[PDB]
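The chain below stands alone and is given in structure tokens; this is the form deposited in one PDB entry.
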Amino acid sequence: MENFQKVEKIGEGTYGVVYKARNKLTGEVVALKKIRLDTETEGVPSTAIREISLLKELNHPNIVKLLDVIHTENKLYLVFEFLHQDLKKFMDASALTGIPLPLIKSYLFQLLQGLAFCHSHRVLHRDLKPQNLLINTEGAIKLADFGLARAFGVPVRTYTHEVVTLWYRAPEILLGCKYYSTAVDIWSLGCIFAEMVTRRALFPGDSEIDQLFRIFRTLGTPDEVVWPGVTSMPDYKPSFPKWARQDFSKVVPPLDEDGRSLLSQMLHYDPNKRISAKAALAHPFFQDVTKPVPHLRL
């Protein structure tokens, strides 16, 4: 562990202790996550073992790369690719002028590509929020912080409940679903999509019930027709107030017809009907960014 000099502390949170480091000989900058093992009575944390093993098999241009894992002294160093800013700071800095629509479309397209790569590798992120989306100075955006991620089997089983930060948590999690999979990440990306358009969080709740009611006030109180089995879910209550679904011309005013269509499919109540990351890439909202590849119909 040498040739790397700490430049600045990036942050301390659920991830750990992240520093910005720079190679003196090559000029290469990285992000160092420091794990002091002397304070960990259970050895290497489960979130650390999960993130390392998942990222060493999730090599993608829209996923922050894990470069190395160095065990020095009683510490564990995780060397990451460095990006200069997260999406939340960029949205706040762009709050007055607004993020240009081509940049919103480019960012969402890249996020869906990284997410489709995760899901095809049978990995759920489960913590998609603007703070975990990092951007560089070359127009790229990447998924970061896989500490809450989990690989899911085929078929899945009952996994950890009450995942995802509250503002970006899917309604099936808030209602206490027994099983869940890739649909929870798509919901979070739909919330992030609308937040880029309106420069404001879509569902900024302060509790689980207030988060659910904020979703109900915008998308309408769901029923068995729009979401089969919703009335049988553990946290569903027949006393939920009946709100009418709001026109997306008011929810996302700057969004055009193709944008409202994609956002509606990303915010579908039914997780089985919610659009997938792969299908979202084929949506006409990106008809100018990408072109369809010829499909072998064999």
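All residue numbers are counted from 1 along the displayed sequence. Basically, rigid core = biggest C-alpha set you can superpose within 1.5 Å across the two forms.
- Modelled in this chain, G43 is nonetheless unresolved in at least one third of the other entries of the protein that span it on both sides.
- With 58-66 and 235-243 compared on mean CA B-factor from the PDB entry, the stretch scoring higher is 235-243.
- Once the C-alpha B-factors are averaged per stretch, 265-273 and 39-47 rank with 39-47 first.
- For the set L148, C191, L133, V225, the PDB entry assigns the largest Cα B-factor to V225.
- When the CA B factors of the chain's modelled residues are split into thirds, the value for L103 lands in the middle one.
- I52: CA B factor in the lowest third of modelled residues in this chain (values from the PDB entry).
- Per-chain ranking of the deposited C-alpha B factor places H161 in the highest third.
- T97 sits in the highest third of its chain by CA B factor, as recorded in the PDB entry.
- In this PDB entry, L174 carries a Cα temperature factor that places it within the lowest third of its chain's modelled residues.
Omitted here: the form deposited in another entry. The next part is about that form.
- Of the residues checked (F203, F146, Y107, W187), the rigid-core alignment between this form and the one not shown shows a Cα shift of at least 2 Å for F146 alone.
- Here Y77 counts as shifted, since its C-alpha moves by at least 2 Å between this form and the one not shown after the core is aligned.
- With the core held fixed between this form and the one not shown, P253 has its Cα displaced by under 2 Å.
- With the core held fixed, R274 shows a CA shift below 2 Å between this form and the one not shown.
- Note on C118 and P292: their C-alpha atoms are more widely spaced in the other entry, a change of at least 3 Å from this conformation.
- Closer approach of the C-alpha atoms of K291 and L103, by 3 angstroms or more, is seen in the other entry than in the present form.
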